[PDB]
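In the block that follows, a single chain appears as structure tokens, in the form deposited in one PDB entry.
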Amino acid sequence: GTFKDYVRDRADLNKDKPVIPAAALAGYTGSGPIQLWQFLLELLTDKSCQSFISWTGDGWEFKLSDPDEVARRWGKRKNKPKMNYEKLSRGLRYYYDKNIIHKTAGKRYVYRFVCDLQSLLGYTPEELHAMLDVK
């Protein structure tokens, strides 16, 4: 359909209401195009995405329930239709090398922001969890 419908339909589904839109965050940090870590903070604060990615409840820790869907949307957002979790996984490795995101031991698809997102975002983990009805 048209664009006015595409925006209305997504509105009726409670989409397009992420607490931390990647674009807004990119403008705040002056990074220009959104980066992966910002894209993840968008899904993690978008209630319409809690089926495939969400917080676990332990601070800045989160899990990818459907790792393929996360890699699929990151592909659509950067016009990389051949994106998959294997390529996305190397991407997260970069944030490991830079001490921005670490892996939770013994668990698959579970990561934690180890930077100081509270000083950057002005939010606490618990504050976002309450806003997002995290269980």
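The numbering used is simple: start at 1 and walk along the sequence shown. Think of the rigid core as the biggest set of C-alphas that the two forms share within 1.5 Å after superposition. Shifts are known only where both forms have a C-alpha.
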| property | result |
| --- | --- |
| Which of 5-13 and 18-26 has higher mean CA B factor, as the PDB entry lists it | 5-13 |
| For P33, the third of its chain into which the C-alpha B factor falls | lowest |
| Third of chain Cα B-factors occupied by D68 | middle |
| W60 - Cα temperature factor, lowest/middle/highest third of chain | highest |
| B-factor third for the C-alpha atom of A105 within its chain | highest |
| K98 CA temperature factor, ranked by third within the chain | middle |
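In what follows, reference is made to the form deposited in another entry, a form of this protein that is not presented.
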{"query": "Did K17 shift 2 Å or more between the shown form and the other one, C-alpha, core superposed", "finding": "no"}
{"query": "Large Cα shift (2 Å or above) at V7 between the shown form and the other one, core-fitted", "finding": "yes"}
{"query": "Distance trend in the other entry - C-alpha atoms of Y6 and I34, change of 3 Å or more", "finding": "farther"}
{"query": "Structural rearrangement between the shown form and the other one, runs of 3 or more with C-alpha shift of 2 angstroms or more, core superposed", "finding": "1-14"}
